[PDB]
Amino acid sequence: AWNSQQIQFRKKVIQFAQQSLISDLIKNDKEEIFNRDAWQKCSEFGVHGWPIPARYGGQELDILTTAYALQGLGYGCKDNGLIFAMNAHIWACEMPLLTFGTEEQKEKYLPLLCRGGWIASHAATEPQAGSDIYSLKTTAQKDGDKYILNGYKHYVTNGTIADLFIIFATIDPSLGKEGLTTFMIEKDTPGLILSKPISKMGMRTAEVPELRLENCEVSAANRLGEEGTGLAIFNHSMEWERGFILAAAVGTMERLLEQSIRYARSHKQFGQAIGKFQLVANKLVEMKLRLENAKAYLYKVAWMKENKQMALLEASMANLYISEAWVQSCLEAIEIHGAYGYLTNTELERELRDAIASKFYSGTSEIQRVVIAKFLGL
């Protein structure tokens, strides 16, 4: 059901990613190197501005085209960490700003994230507030026209390279859910303390440090939405995050399937291609079923959000399905290749290491299941 414009644009995205995004991935993964050159090239192409209206220097593309192009990006670009870093910037930072920001807030910050080279971070999670986000301890005390922010935020994607921080704090912890408020703090604000990026299994080309706020002053002008709107901002941010952060992962799944079919047809054992044995062929049949199901979950959310509908249930189902489908297909691709798929220089192992992250960011598999159960009535 994709038109000529959509086929050609995705084909243009794949070609761009295959030609002008080449990196020494074995080295960048091992050494934990974020590709700033590739981020800059993607922004020049328009990746960041894809769901953003043209009045804020965006590309003003429809959601279905944005999701289709992202899938193309995932297929063409092997750097999964870069893809994750950009999606965090787009869906968890640019989107809530576009929806809840005032005309002056949007006119100042959106063109910068869009075209300017400014990077954004979403800092909401805390050591005792991961799954239980509502139980945030980061307080924001009003002092006339300003706010004094104090707290600790662990896991802040892009933190060490971010120019603007989207922070979820509370005006009063007694209020609970009703006390949650969002603040936009620029990089190098006195009181904003960052750690060195934390070492992890995969997504090593994406910088994830810790953040600490020690009497961090912010004007009431940089507060996103009214006092107490923080919950509505977070729930809206998760809708875009859960449903779209894994759009490119579907593309990666398509690349691994074609690579595995090629190997199952090429590699021979017992006088025949490995794919001639049903135990090998079935792994590719399972990879195919998962890929088509992932596309279905992605395109339903994309359609719903384009038709201005509330799709938290659909985004949760998409994130739960695609994250697990991705890990499983990666595991099977390594199996098809045998011992060869376990070697560093093959690069299939990195794919699995990166895939696991998706089971933790945007919420755990168990959280999505709890969210789905609530929507069923339970």
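One rule holds for the numbers: they count along the sequence shown, beginning at 1.
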With B-factors read from the PDB entry, the higher C-alpha mean of 41-49 and 338-346 is in 41-49
For the stretches 322-330 and 56-64, which has the higher mean C-alpha B-factor as given in the deposited record? 56-64
Residue with highest C-alpha B-factor in the PDB entry, from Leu256, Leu211, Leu279, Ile166: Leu211
So if I compare the CA B-factors in the entry for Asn80, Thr160, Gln141, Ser260, which one is the largest? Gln141
By the recorded C-alpha temperature factor, relative to the other modelled residues in its chain, which third is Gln15 in? middle
Ranking every modelled residue in this chain by its Cα temperature factor as given in the entry, which third contains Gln269? lowest
Would the CA B-factor of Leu21 place it in the lowest, middle or highest third of its chain? highest
Quick check on the deposited entry: does the C-alpha B-factor of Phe84 sit in the lowest, middle or highest third of its chain? lowest
With respect to C-alpha B-factor, does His154 fall in the lowest, middle or highest third of the chain as deposited? highest
